[PDB]
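Structural overview
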Amino acid sequence: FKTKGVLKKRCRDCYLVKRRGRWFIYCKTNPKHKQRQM
Amino acid sequence: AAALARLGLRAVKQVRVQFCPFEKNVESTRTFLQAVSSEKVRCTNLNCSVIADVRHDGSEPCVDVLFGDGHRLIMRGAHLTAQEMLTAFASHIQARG
Amino acid sequence: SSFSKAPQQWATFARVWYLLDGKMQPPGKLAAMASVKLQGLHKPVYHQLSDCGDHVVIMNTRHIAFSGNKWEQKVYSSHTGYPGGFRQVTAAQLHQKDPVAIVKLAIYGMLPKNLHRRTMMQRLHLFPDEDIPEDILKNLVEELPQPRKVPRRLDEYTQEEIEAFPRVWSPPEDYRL
Amino acid sequence: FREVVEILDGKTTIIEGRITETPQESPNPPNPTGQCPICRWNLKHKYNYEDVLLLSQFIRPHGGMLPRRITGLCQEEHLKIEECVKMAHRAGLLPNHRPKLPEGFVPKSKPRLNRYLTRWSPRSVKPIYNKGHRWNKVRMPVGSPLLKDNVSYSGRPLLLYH
Amino acid sequence: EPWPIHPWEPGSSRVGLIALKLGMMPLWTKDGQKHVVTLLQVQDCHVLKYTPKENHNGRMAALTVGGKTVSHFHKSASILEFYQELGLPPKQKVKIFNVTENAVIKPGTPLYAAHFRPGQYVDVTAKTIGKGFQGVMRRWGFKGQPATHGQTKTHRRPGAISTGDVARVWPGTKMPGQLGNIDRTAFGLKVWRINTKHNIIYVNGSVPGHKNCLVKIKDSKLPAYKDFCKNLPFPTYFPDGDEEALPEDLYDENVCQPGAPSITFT
Amino acid sequence: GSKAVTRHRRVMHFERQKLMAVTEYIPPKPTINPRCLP
RNA sequence: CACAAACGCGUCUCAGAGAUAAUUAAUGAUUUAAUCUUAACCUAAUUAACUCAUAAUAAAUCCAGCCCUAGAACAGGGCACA
RNA sequence: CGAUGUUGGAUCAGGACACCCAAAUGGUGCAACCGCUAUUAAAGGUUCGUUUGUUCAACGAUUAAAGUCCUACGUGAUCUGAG
Ligand SMILES: [Mg+2]
Ligand SMILES: [Mg+2]
Ligand SMILES: [Mg+2]
Ligand SMILES: [Mg+2]
Ligand SMILES: [Mg+2]
Ligand SMILES: [Mg+2]
Ligand SMILES: [Mg+2]
Ligand SMILES: [Mg+2]
Ligand SMILES: [Mg+2]
Ligand SMILES: [Mg+2]
Ligand SMILES: [Mg+2]
Ligand SMILES: [Mg+2]
Ligand SMILES: [Mg+2]
Ligand SMILES: [Mg+2]
Ligand SMILES: [Mg+2]
Ligand SMILES: [Mg+2]
Ligand SMILES: [Mg+2]
Ligand SMILES: [Mg+2]
Ligand SMILES: [Mg+2]
Ligand SMILES: [Mg+2]
Ligand SMILES: [Mg+2]
Ligand SMILES: [Mg+2]
Ligand SMILES: [Mg+2]
Ligand SMILES: [Zn+2]
Ligand SMILES: [Zn+2]
């Protein structure tokens, strides 16, 4: 996970989900694409 | 089609879809037949026998799946949606077999 | 009207016991009217120097309701005085520890900041449930109305009202819920 | 309404789709020319979170909302009704619209805290430890900004942040 | 007329004793180690009054226990009247024990050192040795200033006591004052030996308080020794019930008894 | 004393703040919303 | 250690439950698929704090004098076995 | 400026988290051990010595680590006066 102010999908498999009050880029094929909105 | 392809239909013997095209509630069954008789489903298992029975007076579209567990899954689809039928068939395949 | 001086004085300045049900009521709206009654601002004979102040008995304190996310957002901060002794407890945790605490703090905050605040707080009785001692119960005069009208849940609705309310839309027959 | 029933007998499964009678729309809508259900029944800017008799007309038996393409609402009314359903569910209204779990209903937990007009999810809000001074005050949101257009008889605007 | 005796329960709590700290004695274990034990002598321990659970705490009942006898001529009228109604001579130390409702004992019942058994853990509460108004160096272990490198009249002062900006000293400041005459409890002291003839308990380690002081002893409340009350006499020890005298000395399974084959290693 | 052109938005006088608040734009609002009107 | 004591360099003891943040998954609508949910329902694995079990104190109106391992004074414990 | 007495050190430290250790995790060009980053957490710790008045700095031996700062560059009606 990387904490960022702007979330962008780095591939076609990234999906954006709202959890715990924040926005998240979750990725299963590339786990390094995990982003968390600060 | 992709959902069935990613399921490993190697353990299915015969699938027969019997329907009447001139009815008004066979669209879901026809879509199910198209999804289950796709190229990927054909290539994921070759010994499976897919049959499409066409009637005019039956007025009851139904599907029958016989597979080598000695198991018979019969679904008489008159109001069932195609997506629900596919999900139920996939769940049963991944459960038994 | 033709009372003697002493009984007229006693009647005019007599203390009154009020009841207040706090079930599903906002603690702030409870505390505003409780503080009004405690100060005596509901008496035309009220004065700051006079000791005109009535008793308020609040029941069902454990069943108060906070509007919005105040249960998890509102915090209460205390300091024991010793270094490192600053505690900030959430409203839900404080309610779990002590049901009386939330409404007690609300009334204490809404009361005036003079030395009479302690004296008129001694005249406030808070009970977590409808378990009031008979000594206090025999003193009650009237029960004040609840400031908030509690809405009724769906299964509490009468079948007559349910069928009377119209169907704003017609769902399709083939749809599956 | 449609239901799916499953029958198991001798390692054979049969699923059947049964259609039962469903209620229809009331014969006389006050504004029949409206293209939208709420906006033709004249409930626009008229319902709140506590109007369960209207909010439960179109929600799934397990509390989920119904799709807009099925209900027929305009987008703003659909969003308002979804927010109202969320607020009612959090407040405790609609108690029969939850899934049944006999195994989980036995281990009772701490008593539920009474609440209403709750905007956020109860498990997603962090306590405001700082709370700010008068010039920079951290306000607690109450209700939803989607319902700020509701009719106000007293004339005072709704305090959505307090 | 004894009160009914209830069976032991997993969440039961026993009454305690009020003994006298006699002294300290060496003791040896069969593995060769040497421990030091404290002698707690139960001189005259009695149950004085009983208080119901709902009237005392709402969770456990309270049993009042009195220690060694004192003179009638130096007690107050109320205390003398209470002991006259009870039927016992006045006691020096009076303590309250939180017990469960099934372990209650009738007031006036005596208690003996056989209430505890060799191999057990106990809690010992007593007033520690009072050292009076002590300096900060001995009260809190503060390091002093250097001795001779130029320091003027500061060899034992606490030094700085607060911070300049605070403009006050915090309530938790460590400063010279009283040290010692306060109640302290030692937890988990092992019982090695019980002398029934003299009613003396051999408790492992040290015991707070000076010698010949009244000591409140009870079962250990540590979670590691919660359920050792099962094998012990639950209500209390009754010497007149078993109709068979206990041995003069009851030892633990590892205590080197005075009469020993002078253990040699193999 | 700040210059006429700054980088910190150069907070205004209270009278000017009230003037801007009063003169804030008010968009027209139709009597009936036309989305799902006929 | 030339006081009966003090003392370390010497000896003894040191604990259960809840709770969480980040982060994992189960069921499942808006979006009849999926989706840990600023969607409800019960969910489980989970830091340090922090509270609470639990522990200590917790018998009022005798106090002249004399001792004390109690104490600056005041206080506090003893003065029937001997 | 009809006086707010200074560096450093001794004693005692209060606090912040922008965490050095200890604790729970995400990603690694993460095979394991070592590592590199980021998230959450401040109840508790964060050594002894040679030179230098030294804060710093170099060096020796270790540690789970020898954190960055604020506190009148904390603290001289508590101490030193090496500068
Ligand atoms: Mg002394
Ligand atoms: Mg020294
Ligand atoms: Mg000098
Ligand atoms: Mg000197
Ligand atoms: Mg001098
Ligand atoms: Mg000050
Ligand atoms: Mg200017
Ligand atoms: Mg689903
Ligand atoms: Mg998944
Ligand atoms: Mg406690
Ligand atoms: Mg005395
Ligand atoms: Mg000057
Ligand atoms: Mg001056
Ligand atoms: Mg410190
Ligand atoms: Mg942090
Ligand atoms: Mg670490
Ligand atoms: Mg620290
Ligand atoms: Mg500076
Ligand atoms: Mg300074
Ligand atoms: Mg100073
Ligand atoms: Mg200095
Ligand atoms: Mg000086
Ligand atoms: Mg000089
Ligand atoms: Zn990706
Ligand atoms: Zn509409």
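Regarding how it was determined, this PDB entry cites cryo-EM in its header, along with a resolution of 3.2 Å.

Looking at the PDB entry, chain E carries the name ICT1, with the source organism given as Sus scrofa. The record lists its title as "39S mammalian mitochondrial large ribosomal subunit with mtRRF (post) and mtEFG2". Within the UniProt record for chain E, the comment given under Sequence similarities (unreviewed entry) is "Belongs to the universal ribosomal protein uL3 family."

Quick look at the pattern of salt bridges
For the structure shown, the criterion picks out 20 salt bridges over all chains. For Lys-44 of chain D, the salt bridge is made with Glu-77 of chain D, and the minimal N-O distance between the two is 3.1 Å. Of this pair, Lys-44 of chain D sits in the loop between α1 (37-41) and α2 (52-55) while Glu-77 of chain D sits in helix α4 (residues 75-91); the two residues are 33 residues apart in sequence, bridging distant segments of the chain. In terms of burial, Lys-44 of chain D and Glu-77 of chain D fall into one category: buried. The residue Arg-193 of chain E makes a salt bridge to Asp-249 of chain E at a minimum N-O spacing of 2.7 Å. Linking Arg-193 of chain E in strand β10 (residues 183-195) with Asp-249 of chain E in strand β13 (residues 249-251), this pair joins segments that are 56 residues apart in sequence. Put simply, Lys-44, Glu-76, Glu-77 and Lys-80 of chain D are held in one network by salt bridges that share partners.

What to know about the interface of chain C and chain D
The interface is formed by 43 residues belonging to chain C together with 53 residues belonging to chain D. Scanning the region where chain C abuts chain D turns up 2 salt bridges. At the boundary of chain C and chain D, one finds 16 residue pairs in polar contact. Sorting the residues of the side of chain C that touches chain D by element identifies β3 (65-67), α3 (70-73), β5 (86-90), α4 (91-97) and α8 (159-164) of chain C as the ones contributing at least two each. Considering each element in turn, the side of chain C that touches chain D owes the most residues, 4 residues, to α3 of chain C. The residue inventory of the side of chain C that touches chain D, partitioned by class, reads 20 nonpolar, 10 polar and 13 charged. By the bridge criterion, 3 bridges tie β3 of chain C to strand β3 (residues 114-116) of chain D in an arrangement that is parallel. What sits directly across from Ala-65 of chain C, in β3 of chain D, is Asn-114 of chain D.

Thresholds, definitions, all that
- Residues numbered from 1 in each chain as written, not as in the entry; some residues may be left out.
- Chains lettered and ligands numbered in written order.
- Part of a larger assembly, values for the part shown.
- Heavy atoms only, no water.
- UniProt positions renumbered as here; feature names shortened; annotations may be inferred.
- Salt bridge = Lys/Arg side-chain N within 4 Å of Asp/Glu carboxyl O.
- Helix = DSSP H or I, 4+ residues; strand = E, 2+ residues; numbered from the N terminus.
- Buried < 20%, exposed > 50% of the residue type's maximum accessible area, 1.4 Å probe, protein only.
- Contact = heavy atoms within 4.5 Å.
- Polar contact = N/O pair within 3.5 Å; in protein donor to acceptor, adjacent residues only side chain to side chain.
- Nonpolar A, V, L, I, M, F, W, Y, C, P; charged D, E, K, R; others polar.
- Pairing = 2+ DSSP bridges.

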